[PDB]
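Protein chains in written order, with PDB author numbering: chain A, 2 to 196, 201 to 305; chain B, 2 to 163, 174 to 305; chain C, 1083 to 1141, 1155 to 1376; chain D, 542 to 547, 551 to 590; chain E, 1 to 50; chain F, 3 to 50; chain G, 51 to 443; chain H, 4 to 213, 217 to 306, 311 to 331. We put the CB at the ideal spot given by N, CA and C, even for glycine. Here the structure is laid out as structure tokens; the discussion comes afterwards.
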Amino acid sequence: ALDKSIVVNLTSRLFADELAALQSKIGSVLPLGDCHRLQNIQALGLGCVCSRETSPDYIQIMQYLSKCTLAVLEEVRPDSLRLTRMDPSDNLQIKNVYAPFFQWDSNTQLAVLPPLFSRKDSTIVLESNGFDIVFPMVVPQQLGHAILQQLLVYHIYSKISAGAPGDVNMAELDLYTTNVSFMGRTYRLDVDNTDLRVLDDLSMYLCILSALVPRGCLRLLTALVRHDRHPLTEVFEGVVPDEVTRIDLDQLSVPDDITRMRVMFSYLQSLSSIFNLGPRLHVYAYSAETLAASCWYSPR
Amino acid sequence: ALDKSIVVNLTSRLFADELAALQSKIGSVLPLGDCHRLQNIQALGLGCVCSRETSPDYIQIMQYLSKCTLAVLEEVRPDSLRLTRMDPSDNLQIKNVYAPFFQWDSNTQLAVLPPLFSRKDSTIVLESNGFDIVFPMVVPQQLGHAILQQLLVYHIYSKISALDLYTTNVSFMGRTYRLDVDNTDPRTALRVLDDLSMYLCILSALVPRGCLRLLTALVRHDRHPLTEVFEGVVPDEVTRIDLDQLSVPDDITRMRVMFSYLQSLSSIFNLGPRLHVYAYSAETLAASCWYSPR
Amino acid sequence: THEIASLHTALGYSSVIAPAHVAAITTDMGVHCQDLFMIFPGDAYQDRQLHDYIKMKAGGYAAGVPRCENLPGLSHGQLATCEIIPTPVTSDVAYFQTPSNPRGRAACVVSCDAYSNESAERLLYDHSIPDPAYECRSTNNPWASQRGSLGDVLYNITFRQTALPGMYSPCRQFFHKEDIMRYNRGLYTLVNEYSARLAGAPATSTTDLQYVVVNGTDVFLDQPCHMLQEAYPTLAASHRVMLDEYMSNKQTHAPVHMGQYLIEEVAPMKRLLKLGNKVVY
Amino acid sequence: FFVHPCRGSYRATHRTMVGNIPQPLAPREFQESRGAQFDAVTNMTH
Amino acid sequence: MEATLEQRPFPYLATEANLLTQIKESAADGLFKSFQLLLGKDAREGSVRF
Amino acid sequence: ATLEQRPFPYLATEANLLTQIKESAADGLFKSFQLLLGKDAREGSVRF
Amino acid sequence: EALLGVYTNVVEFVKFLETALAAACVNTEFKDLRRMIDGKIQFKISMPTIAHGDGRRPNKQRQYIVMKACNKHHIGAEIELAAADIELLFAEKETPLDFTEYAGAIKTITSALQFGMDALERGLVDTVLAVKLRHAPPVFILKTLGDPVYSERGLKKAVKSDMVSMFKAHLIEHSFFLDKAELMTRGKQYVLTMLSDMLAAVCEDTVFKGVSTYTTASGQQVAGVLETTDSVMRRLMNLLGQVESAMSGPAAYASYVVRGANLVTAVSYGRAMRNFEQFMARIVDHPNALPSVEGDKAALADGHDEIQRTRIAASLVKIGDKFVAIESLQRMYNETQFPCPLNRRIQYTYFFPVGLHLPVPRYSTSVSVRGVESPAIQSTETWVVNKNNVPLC
Amino acid sequence: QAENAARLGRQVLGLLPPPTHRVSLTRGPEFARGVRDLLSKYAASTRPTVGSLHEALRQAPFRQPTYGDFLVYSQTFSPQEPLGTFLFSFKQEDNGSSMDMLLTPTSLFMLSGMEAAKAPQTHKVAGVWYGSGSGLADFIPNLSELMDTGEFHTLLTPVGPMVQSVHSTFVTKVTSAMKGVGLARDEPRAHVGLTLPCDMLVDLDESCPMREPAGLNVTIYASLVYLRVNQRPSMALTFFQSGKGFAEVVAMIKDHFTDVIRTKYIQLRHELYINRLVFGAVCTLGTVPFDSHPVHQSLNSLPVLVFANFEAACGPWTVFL
């Protein structure tokens, strides 16, 4: 009974060159900041948050996508784009036009991720309005939890080689990170090491955890001694390394240790969810020659 | 389609005293026990688990709050309370009269929490019927976490005492606040802390060595705005672990298990139900939002 | 959805099918042998240098239809596989002109008593009893018909169907004991199941090699070699010379010469043999 | 193959040379005709 | 629930065709499932009970 | 002698049958009964 | 530049009852087959015996009872309607371009609905033919089983062995019989004695043998249908003339409705008759009447007497005294790009030696071979002839 | 014969999605008259009849599942199933066009290799549907190695209950149900409920009481536990049933598998492999409504529960420990 359609108007007409690129992706998934049918251009991409003049971000995009409404292109007419609204648990169709091309299968779980690769792969610049629309990086969930991980390791050792040359080998680093194995297939990703500023915020966070966690878990074990101690915590004393358990906690005072334990957990829940929960959707049918996947959206 | 309305029969006429406070909070979210039209008043309050003579435990209260169905008030007649219901996945008007006031806008995020600031402000007692009614609090998730961050820290440093300005103050941009702890049962709030002892020392076992070497290169000279926690001095532990040489395929198998255990910490830092507001009016204090359990 | 119920009102058989006209021969009747390197990948010699040596002296799916990529194109059609059953040099040639089993013993279980597995196993294996074909010898080759023999070692494997396409074996039908004991029953239960059930692991159709059909949808074939339990001889000639005698004169042809022989084919289809421009039917 | 005592069981060795194949299964008129085939290939002189 | 044979005294109809050819053998080697022979003392209409 | 829920044309009686059914059927006054709650209390379907 | 013509197809609608395949079946329309559990047809075969006065022990009276059951079949189909097609089915009283936008959308949903019916009408002719192909054993098995002279004594161990030798001897000689007609000088009489032997082997003993169902012109009796491909139908129609090429048959199915007293026993009990009323008039209206085929025929042909007879275009043929209709079903299979089941593949196994010895008293029979005969030679290969008559080693 | 095609004119046009509510403004306030299903309180009379409330029963909500069409070898999917089993889709590599691998919970009992007494009932039943267990492990040669590093739970995507199985000799066609209540094929107007064996399912809300709130929701969870038995890796799959919310059940599961955790981590005081640290995972298989009684059944015996009004809502695998 309900009507859903999202029709965006423009101020100026499109060029003849920019029309052929959106005709190439006439099926896609765009995030879109508003739920109403009539709307201006400045929301339907990722140019509302991520831009060239601003510093590139990962986390503020991932905060934004789970807060945002998704939509699917239907027909590109100058100058009025016609998106279709995505509902909770609604069945619809996706064509997979994304650079670089990852192969989809049916019975896989699509996870919308932000784009962290090159500009010409991700965005299509609209010269008529001077505004950049950005297509997100639709990648299956097991790749998206693995294409993130090796590039986040490659970002760390790129920070070590720039500080000291002798610790990291480039041949050892490239061959083990830029080649990603999934579903029996291999994908050599574009490195873009020509100058990965997207992943600097995560590489700051996981390291600040990695020092405070072994200092943190020593104090949290010794403070919980009871006769009602949970009996699985006696087992995990064999898991912690022996060098961890030799910390003199007389060195850090109480007005320092309250500041650490609050910094300890506040990074954890802000980092746990941004790996976990975004707009993530299922696929139950797929055909490679038509490049069309029947999907349904699970909002979480 | 479907109906949602709960009219609460009540065995005594209310006084003009307690009818005045209920009329003030006409838009409010409170859970209730059973999913029926007719209902006793002894299911409406949150005070079946949070009473005066029993020491409340705010984790177990919050653990209670994700079980129940939630309801919104419509009218306060002098005999019967009348309430509407929240079901998945339904759009509904919501209005905040919640006394530790924060400001919302369109496209904000919300969550439901137990009263953690002033219980006597947030609970009105019914002298005529003898059963008091406890209102929960709705909080945006940034302060929704940050109160649960401080309450877990507080039970850590109350047990070591066997003072308050560092343990009972929740920090936020512009304001500082006080948590309400005088009589708290710590036993349900420590089983959560018992399971944090499980995850956190396993995270200390699989620490990537290149990421610790990144901090030995960073915090000594490269000073950043968000690394002021370490205050310019390296910890004594981090210098001990990076004696080994770095190798790439060791940390690849490590960072995947670093990744997968951070999936688990959502289960211990969960809020209750969530509320995705898509539109919020400013001068009218109403909103529109869709209820999502779990 | 449309629901249709069907019933058969006559007692006896009320419908009869028959082969009439051969359209074309699909499978090339050539010489290509089966390679056990490709059927049994696991087993290997101890020395890697000697096992890589023998592989130098001998040597997957694609859109649902399996293809072998070692051959770029084929000119004579679907390429037939050949087994090799080791045979003593003294086995008589008179076994080979008449249709029979590739093992030395006849294996027709239809003659045996219904629901008697021990009497039916006794026909296949026990050598206190001379053949149901021959009364003179017990077995033509004791390398194949004997109980633990190499025929029964290689080809009594029930097919296991890896994720790889897997390959068809002509000898597997004649040696597999459990697929022969399916025909131990009475006649009219075997006639009722002759057309209704497609039998155990036949070959594919319109492929490069003969693959075992792992996806039985709309493959129509029927094969009389399981029921009647015989295998039909073809043209054999131990020298080039005696194949010229079969096509110069068919009547006064000599079947056995001093060292060499010839087997005239006895098959349900009779092809036109044309070598040169002399035609012998 | 042969029978080995102890239940007994069947245990094996290997006919190394060709001539260890017994004479009902590889007779002597074959085996010296097979030797004349060796003689004609290598083109040896007697 | 499979369909079963029952010997109740139905009012049987008369067919023009004969059925008798190869019946004695087809009991021994089964042409068809679910049959029951009836010899001389027991080839009759059973007593109806309900 | 078997119980069955086929949609018979049940006949109506003058006399009531409701006196002590809750604790007579539960304590087994009579064998071979079946209780039907809610949406199961219906004359279901015919299938021959 | 301009268009010259826009041409489409009209799908050739062929239903089950127009084809001659329905001579091999009996069609009854049955309203609620969704409600049936099982079918049942119940035979009672009373066997007479010869009384002769040798040293025999004389046989008493024998009796057989045979139970048959239905076989359920399901057919699926598919229709995909467009999104905007269903959307603009409703709004109208717009501009005359929106009338012809509308009227071209009802043409889409009706042509999508003809496709749902055609794909179901082809499914009858498919699934009825798949019923026939499962209960059709070949000639070489059924010819030797169709004669009682081989099994008068019973199938002992020596009779079964004597029939297996005859399945083999009939499979080598008489197979591919229409391909052997070219090389035989006799020819057109060999096929006719082959194909009339296929006719005599089929059990003509049907329950409905007295029912009149199909006739020719002048009231002659159609008996059976032989079905070929197109390439075989060109052969058999040239060898024997299509003498009449039009038969009579019913225009519609036979109805069976569970109305009346069938409905009471169907609801109260779990069972239901077929033709309760005629079944009641045998028991209680007129008991103790022995069955007699002259007066019992109206209860067999339930409905199939007096269905409206219509002219059916066919192609008949004379075989012996029995008229046989000839079909070919490739037009219903090649237009849908599914392979025909009468096109069919047969696998053979080819047994073959290499590398033997020949024993000590060596011999010869050939007059003309000058070479190989020395005893020192040993053959290490055998020569095979291909499909394309190229010899290989 | 057009009477048979007139039935398709009724049943197709009667069974369509409800159209978008679009009324031109020149017609007036007629669009208020087109809103019927939002009306929820119907008038009752002194003696109401169906002729009074046929309009109240006409408005029904729009519920529809999404089916999954799977084409399976007939050796993995046993030819006889109780038609409501739960399914999983193992996926390793796209080798051919459409040949898919499906795992019933009795089929994944055989690939596991867990001992007899820990699931004493289905070990008899899953031993007769299958061989020794190597009839399925020939498809996955990596079952010794998928259990070591712990990649097996990342290769299962839970699908939902069966609806229909068309079985042939070599290939079985399997139609499952996602998103909700699957419509039954052979019995018309019926609804396929989800059947679990009584052995695998571990109920989670059970009290003397010695009081917990009622609700509308109770969610079935799947679990899959990496362990080692006889110094060989093996998995263990158990089910859970509780409407307590995800913050409690992860603590409720750890109390169930306490002894299993204790026996394993004794072994890694001596050798610590980082691949061995991952222990288990938890999926959400979809909600059951409140106060539905799981009806016990018996098949050959095999006691099998059944959940009416089951709707399937699949989630990911989250690694608990």
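ask   = Is there a Cβ from chain H that is less than 8 Å from the Cβ of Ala-298(A)?
value = No - not a single Cβ of chain H is within 8 Å of the one on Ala-298(A).
query = When the Cα atoms are used, what is the spatial distance from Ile-125(G) to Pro-337(G)?
reply = Those two C-alpha atoms are separated by around 44 Å.
inquiry  = Once the 5 residues before and after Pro-57(A) are set aside, which same chain residues still bring their CB inside 8 Å of it?
reply    = Result list for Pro-57(A): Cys-51, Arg-202 and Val-203, in chain order.
key: Residues near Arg-66(H) in its chain [Cβ-Cβ closer than 8 Å; skip 5 each side]   = Cβ neighbours of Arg-66(H) beyond the five flanking positions: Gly-183 and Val-184.
Simplified DSSP assignment, three categories, for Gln-36(E) = Note: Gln-36(E) maps to strand in three-state DSSP.
task = Measure from the C-beta of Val-422(G) to each C-beta in chain D and report whether the shortest distance is under 8 Å.
result = Not an interface residue.
inquiry  = Taking 7 Å as the limit between beta carbons, can you name the residues of its chain near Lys-5(B), skipping five residues before and five after?
reply    = The beta carbon of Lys-5(B) is closer than 7 Å to those of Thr-85, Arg-86 and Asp-88 in its chain, skipping five residues each way along the sequence.
inquiry  = Let me check understanding here. Comparing Cα to Cα, which of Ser-262(G), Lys-193(G) and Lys-65(G) lies closest to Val-178(G)?
reply    = Answer by Cα proximity: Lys-65(G).
ask   = Any residues in the segment 35-48 of chain F with a beta carbon nearer than 9 Å to a beta carbon of chain G? Which ones, in chain order?
value = Using a CB distance below 9 Å, the part of the segment 35-48 of chain F facing chain G consists of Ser-47 and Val-48, ordered along the chain.
task = Could you have a look at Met-167(G) and say whether DSSP puts it in helix, strand or coil?
result = Three-state DSSP puts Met-167(G) in a helix.
message = For the ligand NAP, is there any heavy atom lying closer than 7 Å to the beta carbon of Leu-54(G)?
response = Ligands displayed in this structure: none; no statement on the ligand NAP is therefore possible.
ask   = By DSSP, does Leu-111(H) sit in helix, in strand, or in coil?
value = Here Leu-111(H) carries a helix assignment [DSSP, helix/strand/coil].
key: Which residues DSSP lists as bridging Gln-92(G), in chain order   = Paired residues: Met-117(G).
ask   = Between the segment 270-292 of chain B and chain H, which residues of the former have a C-beta closer than 9 Å to a C-beta of the latter?
value = Flagged, chain order: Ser-271, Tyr-272, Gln-274, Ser-275, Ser-277, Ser-278, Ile-279, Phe-280, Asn-281, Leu-282, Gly-283 and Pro-284.
inquiry  = Suppose contacts are defined by Cβ-Cβ distances below 8 Å. Is residue 11(G) in contact with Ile-1099(C) by that definition?
reply    = In this structure chain G extends from 51 to 443, so residue 11(G) is not present and cannot be described.
request  = Ignoring anything shorter than 4 residues or poking outside the segment 39-113 of chain B, list the alpha helix (DSSP H) runs there in chain order.
outcome  = As far as the segment 39-113 of chain B is concerned, its whole alpha helix (DSSP H) runs of at least 4 residues are 59-66.
request  = Could you run through the segment 1181-1198 of chain C and flag, in chain order, every residue whose CB is less than 7 Å away from some CB of chain D?
outcome  = Here the close residues are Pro-1183, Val-1184 and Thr-1185.
request  = Buried or exposed for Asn-1236(C), please, with buried defined as at least 16 other CB atoms from any protein chain shown within 10 angstroms of its CB.
outcome  = When all chains shown are included, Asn-1236(C) counts as buried.
Beta-carbon proximity list for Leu-222(H), same chain, < 8 Å, skipping 5 on both sides = Contacts found: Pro-295 and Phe-296.
query = Is the beta carbon of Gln-43(B) less than 8 Å from the beta carbon of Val-9(B)?
reply = Cβ atoms of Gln-43(B) and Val-9(B): not closer than 8 Å.
ask   = Should the segment 204-223 of chain B be called in touch with the segment 231-246 of chain A, which here means at least 3 C-beta pairs below 8 Å?
value = Cβ pair count under 8 Å is three or more, so yes.
message = Within 10 Å of its beta-carbon, does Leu-197(H) have 16 or more other beta-carbons around it, so buried, or fewer, so exposed?
response = By the 10 Å Cβ count, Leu-197(H) comes out buried.
Spatial distance of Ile-263(B) from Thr-178(A) (CA atoms) = Their backbone Cα atoms lie some 8 Å apart in a straight line.
key: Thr-1299(C): first and last residue of the uninterrupted beta strand (DSSP E) it sits in   = In the DSSP assignment, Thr-1299(C) falls outside any beta strand (DSSP E) and carries neither an H nor an E.
ask   = Hey, is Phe-50(F)'s beta-carbon within less than 8 Å of any beta-carbon in chain G?
value = Closer than 8 Å to some Cβ of chain G, the Cβ of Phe-50(F) qualifies, so yes.
query = Under 8 Å between the Cβ atoms of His-156(H) and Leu-230(H)?
reply = Yes, these two residues count as a Cβ contact at 8 Å.
request  = Please confirm whether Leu-111(B) and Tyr-59(B) have their CB atoms less than 8 Å apart.
outcome  = It is not a contact, given that the beta carbons lie outside the stated cut-off.
ask   = Who are the near neighbours of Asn-1196(C) in its chain, counting only those whose CB is closer than 6 Å to its CB and skipping five residues on each side?
value = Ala-1202 and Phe-1269, listed in sequence order.
request  = Identify whether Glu-151(G) lies in helix, strand or coil by the three-state DSSP scheme.
outcome  = In the structure shown, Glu-151(G) sits in a helix (DSSP, three-state: H, G or I).
ask   = Are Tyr-1095(C) and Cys-253(G) close, meaning C-beta to C-beta below 8 Å?
value = Yes, these two residues count as a Cβ contact at 8 Å.
query = Any residues in the segment 271-294 of chain H with a beta carbon nearer than 9 Å to a beta carbon of chain A? Which ones, in chain order?
reply = Result list: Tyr-271, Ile-272, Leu-274, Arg-275, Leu-278 and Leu-283.
ask   = Is the segment 1353-1365 of chain C close to the segment 425-439 of chain G, with three or more CB pairs under 8 Å?
value = Verdict: yes, contact present.
ask   = In chain order, what residues of the segment 61-86 of chain G put their CB closer than 9 Å to some CB of chain H?
value = Here the close residues are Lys-65 and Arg-84.
Distance, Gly-274(G) Cα to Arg-395(G) Cα = Answer to the nearest angstrom: the Cα atoms are 25 Å apart.
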